[PDB]
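In what follows, a structure is listed as structure tokens, so that the remarks can point back to it.
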4 protein chains.
Amino acid sequence: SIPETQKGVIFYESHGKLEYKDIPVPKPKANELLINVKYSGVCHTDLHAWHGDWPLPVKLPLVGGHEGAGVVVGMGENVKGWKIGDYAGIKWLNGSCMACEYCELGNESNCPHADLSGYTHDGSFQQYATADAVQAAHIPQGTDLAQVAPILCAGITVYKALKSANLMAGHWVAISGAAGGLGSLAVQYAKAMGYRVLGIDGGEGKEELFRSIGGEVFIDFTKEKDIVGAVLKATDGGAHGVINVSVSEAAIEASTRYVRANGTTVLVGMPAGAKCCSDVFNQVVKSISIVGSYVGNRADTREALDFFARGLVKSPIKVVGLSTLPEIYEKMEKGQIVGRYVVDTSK
Amino acid sequence: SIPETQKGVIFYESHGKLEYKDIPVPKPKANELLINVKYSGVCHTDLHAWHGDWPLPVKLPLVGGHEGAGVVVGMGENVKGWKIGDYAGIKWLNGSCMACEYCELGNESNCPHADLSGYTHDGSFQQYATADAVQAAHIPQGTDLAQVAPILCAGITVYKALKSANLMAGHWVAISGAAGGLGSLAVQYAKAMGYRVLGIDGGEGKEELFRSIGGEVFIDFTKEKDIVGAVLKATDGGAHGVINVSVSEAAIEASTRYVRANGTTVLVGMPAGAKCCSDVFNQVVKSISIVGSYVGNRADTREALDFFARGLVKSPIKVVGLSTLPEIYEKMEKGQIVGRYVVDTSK
Amino acid sequence: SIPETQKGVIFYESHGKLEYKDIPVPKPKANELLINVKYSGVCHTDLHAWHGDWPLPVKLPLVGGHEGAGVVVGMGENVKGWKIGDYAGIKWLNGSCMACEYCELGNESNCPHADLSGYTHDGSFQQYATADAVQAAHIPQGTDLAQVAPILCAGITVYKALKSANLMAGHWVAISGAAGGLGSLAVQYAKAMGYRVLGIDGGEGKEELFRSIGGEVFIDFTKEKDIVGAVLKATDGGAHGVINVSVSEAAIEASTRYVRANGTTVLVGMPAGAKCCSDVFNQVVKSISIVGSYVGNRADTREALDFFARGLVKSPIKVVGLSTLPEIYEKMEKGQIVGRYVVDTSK
Amino acid sequence: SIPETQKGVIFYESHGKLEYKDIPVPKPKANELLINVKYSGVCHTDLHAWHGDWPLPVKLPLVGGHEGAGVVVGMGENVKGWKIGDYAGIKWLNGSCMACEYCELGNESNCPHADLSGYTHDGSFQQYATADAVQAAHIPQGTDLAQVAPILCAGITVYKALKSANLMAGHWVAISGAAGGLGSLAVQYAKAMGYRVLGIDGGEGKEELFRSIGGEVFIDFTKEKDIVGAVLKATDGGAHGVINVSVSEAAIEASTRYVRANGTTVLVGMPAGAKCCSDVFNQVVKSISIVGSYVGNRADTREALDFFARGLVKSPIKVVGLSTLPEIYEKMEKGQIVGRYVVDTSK
Ligand SMILES: NC(=O)c1ccc[n+]([C@@H]2O[C@H](COP(=O)([O-])OP(=O)(O)OC[C@H]3O[C@@H](n4cnc5c(N)ncnc54)[C@H](O)[C@@H]3O)[C@@H](O)[C@H]2O)c1
Ligand SMILES: NC(=O)c1ccc[n+]([C@@H]2O[C@H](COP(=O)([O-])OP(=O)(O)OC[C@H]3O[C@@H](n4cnc5c(N)ncnc54)[C@H](O)[C@@H]3O)[C@@H](O)[C@H]2O)c1
Ligand SMILES: NC(=O)c1ccc[n+]([C@@H]2O[C@H](COP(=O)([O-])OP(=O)(O)OC[C@H]3O[C@@H](n4cnc5c(N)ncnc54)[C@H](O)[C@@H]3O)[C@@H](O)[C@H]2O)c1
Ligand SMILES: NC(=O)c1ccc[n+]([C@@H]2O[C@H](COP(=O)([O-])OP(=O)(O)OC[C@H]3O[C@@H](n4cnc5c(N)ncnc54)[C@H](O)[C@@H]3O)[C@@H](O)[C@H]2O)c1
Ligand SMILES: [Zn+2]
Ligand SMILES: [Zn+2]
Ligand SMILES: [Zn+2]
Ligand SMILES: [Zn+2]
Ligand SMILES: [Zn+2]
Ligand SMILES: [Zn+2]
Ligand SMILES: [Zn+2]
Ligand SMILES: [Zn+2]
């Protein structure tokens, strides 16, 4: 069958206590799939949802997590092109209204009535989770769900971000936070897109990981006292594009100073209460764009999962049990997560 | 002939005393035209060069002014396609190196070795001024030089800025400072480009001018206490594009908040020591680009002067004498300049 | 109620006999609206569907017409954001699969499983017609349905085509067939988009109409023996963009020769068995793009209907009865349709 | 010194007799470099110039060749940033007017007064050749001139062509003629740009070369009777982009049929008297662009030579003597040139 009770990590108040307990199995709405979430990536956005670091409020009590890879155990009556047993991906964008100007254009993420897994919708830190069938990701059969789970928010995000920077092949892309969860996949997406990857990160295991996944230049922010000058030399004038997948505001500000003239600084990371204080003179006389970038749409999901399918991207994951989700968060705020963490909801 | 002495407004120290006295007539270099500057637009950048409001240093003693419209009285030996008597325009970009990556691409303004009239090169607040012949603007014969002078920095700038905002016809463009020197021409360029122009300015004669030149919605910043909300209503979700041609940093910051999702806030105005402190969360979840924009290139100059030629743009100018240049600056810092001021170098 | 029988123009074989008789009222599927089609534009595509001029086969017996403007008299159970009494527009794209790569990207028209009103789906030459609710056009209340009907295929088409030509404001756009049904709206969309409109058409009432709707240069193909030379002079080097809304193949070929270097020739008209024989040398040494363009998507529909709402476009329509649909087709093959014809389904 | 006589291959009438004899050494004009052409690539455009296969006429008597890599032995007085001994590249675009709208925009190749090496200017099939210093390619020191010579017309061309197809990383690019001189470099540029390369060529040594340089799918046009169907399967719907670097018109036409919906067929090859007869219906209902592409500009030259510098592209060259240039042409019309031929002007 589909059971009545399931295991999930749920918190009832912000920065309170994540309880791995038994919660009721959700019922899929007319348009939603019920997905047996096998593995789920643990994004930093989940730490932000728990701490309430962001302006928007979350749907308490909340089962976070928005990188779920699972099998469709049930569907709604109005779900059309989906089978039971198919591989589905719960992304951050649970669904959207698919009618507003933004949605029609393609910008489904920047939509007023966009449902958000792991914030406004009980996400994928649970064995069974519902997801709007139009926005759920189609994961090909015979795919390692643990390996594809981080591609559902980190992969599509950094793919849309690297497309957001208006880079060309051969252009320098500085990925700020290049050994984190999103940065370690941005390095691989950018190399597969043709760019020269510069990496800025620091800590135990960060430079080694960055060199592992194919990065070109690594600049350790805990050792480099002049980061802007270091990325004004490595790059020969600045990085034609910058991807801020850090959780630091000082990194977001330095990225505006080591970007090339006519370059694009994409803001992807969303630290708590951070502002991108950009010098107006330097941004104008260099014609620097500062582009915010939200999670990708269905087209970006298809393209990022296709990059994953060809074996070009491979997020460095450690699969732990869902029981361990408290200890991941306390390991994620301390910057000690090298690559991605994926939780076995079973365990 | 070409005389030995000429009249020019020259200052020897920043925010010192602008002296309208007799200075030697320059000699055109091998690549430069000597232009009998008949009329010259007075930009706010000239007030910034005098006050030294900007990071870069100016070439003291300096004859400012970078909107000169004049006749070519002499040329250099290596100048090719130019006649004596032709109408030339001294723009902010006096010249460029025309060899570096940026110059080759087309971004001649963001070039390391770009010569700048009215900053690093004795500009057009003088009867005779030299200008690199490759970057000088070709003004058609039978043109009102007084009327075309403001198009040489304000016009090409706001044209490149409106092209920088990635707007489409019918999209809302909020021009911040829409009755100033650059804003009053941005309103006209945007309407001729097809956009719905919202205007934000305030003071005596600003709303009336804005309504004169064809603006749609005017929002008076000295009366409107909620500017962001007012431009979130007029526009129905925010302005698809914003052009910051203000000299205020609070305007630059509010423009990041009343821009539409997936909209572009172009920074054109460069107030003294201003920073574009942008909320990272709001910029990311709305995918807002913040694009700096410098003066246009030769293509943008050609296209903006073609817009002027068809009679579509007409900067509201008051032609005073060059003798009056001190009194313009003290009228420009006080925000009391409605439209543009143009100086008769003769007078 | 909703009646059992209705009046419609139906043909049972290609180029057979259009019978205005009583046909059963359709039943809306789970996703479809039943639209009381008040007025319907008569496109040339309907003449092509009747003659079978196109490669694809039509769904016999067929009730053509794909420019229906009507009120929603009934809906399906899975239709979400729609009211009874709302104004809906049956476009050529009746619906789409909204799942394939093209649909996800935004290209809903170039979709393998795209349902097509007036070809593969009983269209809008009938009092009551069904239309997929996701693709039906939202026509604002208090709109002249007769006046908005031609905007449902001609308007969105020529809007997407003018966006397809990668034109800028001030650039020359040669609309081939500028007094026809699509050309007369392309002239107005292009002028509202900022372009200089050149018009090529010929016959009684074509030049007068073209001058009426705001065209700049008219070149009469029945009087001009050198059309390419005439549009190499008017334009000063060729038209930066060309829109082929003709039903002639010689026009489609000449458009490749009077387009500017680096210009774009958009093919919109689809004459019977026509080929765009383009000289490869001239297309390469001038870097001329030849872009085919299909009907617009939901975003283009929204933007074109917004242009119509502001009063910027106004298709020259003559509203006749649906009874007269045979006599329109025989007037449309002879090129004698100046502007658009709209049929009162009531009459 | 610089000698008075030199060795060059010169023909006095079209398809006449190429004579390797002693011709006078040219004198550099005020803006031109005299380049000791060490090695020169032999393009098919040189065979077209000899046969007079193209509409434009050549400058008889003509020393063809437009892929010269050499050292600057002398300069003109108005040449600015150049040294004697530097490595210069004579490309097809010898120079341009650098003042017309196209040149200002960046499209220096599609310019009315563009000087063309190997057609309108004695090219690089000679020991000493002059080249406009603004358009000459800057080849880094310590570069294999024989290996960089084919990058001067083939490399920059196929780079600009792959940028012309509006492809994204992961998209399918079908290179028609993928083992020829331009195709063998288009395969490498496309793989370094991130695309999946499909190759269409045939003959001895073509499939082996294509597999050597990193191609994914090879489709042999002499064995495949259904080329369109084969490239509608390999690609799963058609190639998102096609690069026609063939010398066949049937290939140019089939490329319009095996391109994906919303795909771009770039015409690069310019066979004799060829026309791109494109079905208008299929091009419109699939929104297929057919983009002609001429040699790249200075920015594309810089970017293609940078790709070469990183070791990412490596044209398969055979360096023969200049004495052998007749036997290359008779080997190039027969399609028997696998990769590129480079002539030692010394030999
Ligand atoms: N905008 C979007 O679409 C989107 C999507 C996913 C995540 N995010 C946001 O991205 C942020 C990062 O997510 P993650 O999963 O990569 O987090 P993570 O904690 O796994 O990785 C962050 C990385 O940043 C590095 N870093 C810290 N300070 C730095 C500095 N000063 N300079 C450079 N690098 C520095 C850390 O050492 C670590 O390597 C979070 O705020 C998350 O919410 C945004
Ligand atoms: N980036 C470029 O290429 C470029 C080119 C030219 C000028 N500029 C810069 O643009 C700035 C403005 O130049 P200008 O000639 O338009 O100056 P101006 O003084 O003539 O006009 C400025 C306008 O801004 C209005 N304004 C002031 N505070 C405002 C606020 N809070 N909100 C909205 N509007 C406000 C003023 O009332 C006035 O109408 C200067 O700093 C100048 O150096 C930049
Ligand atoms: N691709 C699309 O999305 C799309 C959409 C709608 C219509 N169409 C096609 O567009 C074509 C035209 O449709 P319409 O409604 O405008 O037709 P129409 O018959 O109302 O107008 C055609 C116009 O072309 C003019 N014309 C004829 N020969 C010409 C020539 N040699 N040069 C210039 N002009 C010439 C006619 O005189 C007339 O003015 C049809 O084939 C139709 O199917 C395509
Ligand atoms: N537009 C430009 O900027 C530009 C630049 C350089 C060359 N060109 C033109 O490109 C053409 C090719 O130049 P090249 O140096 O590559 O020539 P080449 O002769 O060295 O190579 C041509 C290749 O096409 C292959 N081919 C032949 N028939 C084919 C078919 N039916 N289908 C697929 N492949 C086929 C041949 O076997 C060979 O592999 C010439 O006409 C040249 O003038 C254009
Ligand atoms: Zn996430
Ligand atoms: Zn929405
Ligand atoms: Zn200025
Ligand atoms: Zn430069
Ligand atoms: Zn139609
Ligand atoms: Zn589809
Ligand atoms: Zn060549
Ligand atoms: Zn030129």
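Each ligand, and each atom within it, is numbered from 1 in the order the structure gives. Protein chains get the first letters and strands the later ones, always in sequence-line order, with residue 1 at the start of each.
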Inset, instruction - Would you please classify the geometry between the D/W50 ring and the D/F11 ring as parallel, tilted or perpendicular, with 30° and 60° separating the classes? - result: perpendicular
Legend entry - Whether B/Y294 and B/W92 hold their rings parallel, tilted or perpendicular, with breakpoints at 30° and 60°: perpendicular
Inset, instruction - To the nearest 10 degrees, calculate the angle at the Zn ion (ligand 9) involving NE2 of C/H66 and SG of C/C43. - result: 120°
Legend entry - Contact check: C/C153 to the Zn ion (ligand 9), N/O/S below 2.8 Å: yes
Inset, instruction - For C/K160 and C/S293, indicate whether the former's side chain and the latter's backbone hold a donor-acceptor pair under 3.5 Å. - result: no
Inset, instruction - For the atoms SG of B/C97 and SG of B/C103, give the angle they form at the Zn ion (ligand 8), rounded to 10 degrees. - result: 120°
Inset, instruction - Could you confirm whether B/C100 has any N/O/S atom lying under 2.8 Å from the Zn ion (ligand 8)? - result: yes
Legend entry - Cationic N near anionic O, under 4.0 Å, C/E108 to C/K91: no
